[PDB]
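One chain is shown next in structure tokens, namely the form solved without ligand ICO.
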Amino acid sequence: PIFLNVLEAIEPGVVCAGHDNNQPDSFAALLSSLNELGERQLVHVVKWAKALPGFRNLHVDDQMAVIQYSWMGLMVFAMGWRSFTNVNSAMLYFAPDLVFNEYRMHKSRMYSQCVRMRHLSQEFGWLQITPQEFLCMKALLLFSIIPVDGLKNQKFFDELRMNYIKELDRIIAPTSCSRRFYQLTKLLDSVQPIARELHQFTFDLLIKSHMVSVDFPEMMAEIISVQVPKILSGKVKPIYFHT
């Protein structure tokens, strides 16, 4: 199954957040540490993406574009998985040195969102998702948000996407092998409104970040200020399986 080989091979490892657990759980520290993590996990997302099958066939601006649009969802999906596998979904396994219990969920002022992410995590258990399914689904997520008028080379993108769908089809490869497809497509859809809420939250946060002493690393601030607003303003949209 050459495609799995790749996905299993290139899957990024553990990434620590750099969080000082000796300090108390302030809003500023939890959030500056999550911003750091984000910047760290983006390095790995980039390296991973470049090594995906067919990915470097996309025009290079498209390449950068889809990474910058889809990092949240990708990162949230992978964090849901880690939480499922390491803490059976009581808490949120952001990094081994940044595990959110409920207190941290409240202190982050993103309790609401963290509730939605914990559901996502539970669903990994609820649905008995295999590692191979996770991987194929996670890759699809890279190809699940685009400009509404399209990318420079949109035809190559649609083809690639098609192909990642068939792979998820294949790893599922006729009443379960169909109702299953319904379920995972459903689960993938569910990532989008959660990422939507985090985009809104982080963008709001970056705007008021001098007022609250929250540090945003360089590329995170660029992406939040240039790219995220295209999603928030409706210029860039998720692609859903189901309407």
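So that there is no doubt, residue numbering starts at 1 and follows the sequence shown.
Missing here is the form deposited with ligand ICO bound; even so, the following discussion is about that form.
At a distance threshold of 4.5 angstroms between non-hydrogen atoms, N101 is out of contact with ligand ICO in the deposited complex. Put simply, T85 is far from ligand ICO in the deposited complex: not one heavy atom of it is within 4.5 Å. For the chain shown alone, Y164 is a contact residue for ligand ICO in the deposited complex, at least one non-hydrogen atom being within 4.5 angstroms. Contact annotation: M137 falls outside 4.5 Å of ligand ICO in the deposited complex, judged by heavy atom distances. In the deposited complex, just one residue of 1-26 lies within 4.5 Å of ligand ICO by at least one heavy atom: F3.
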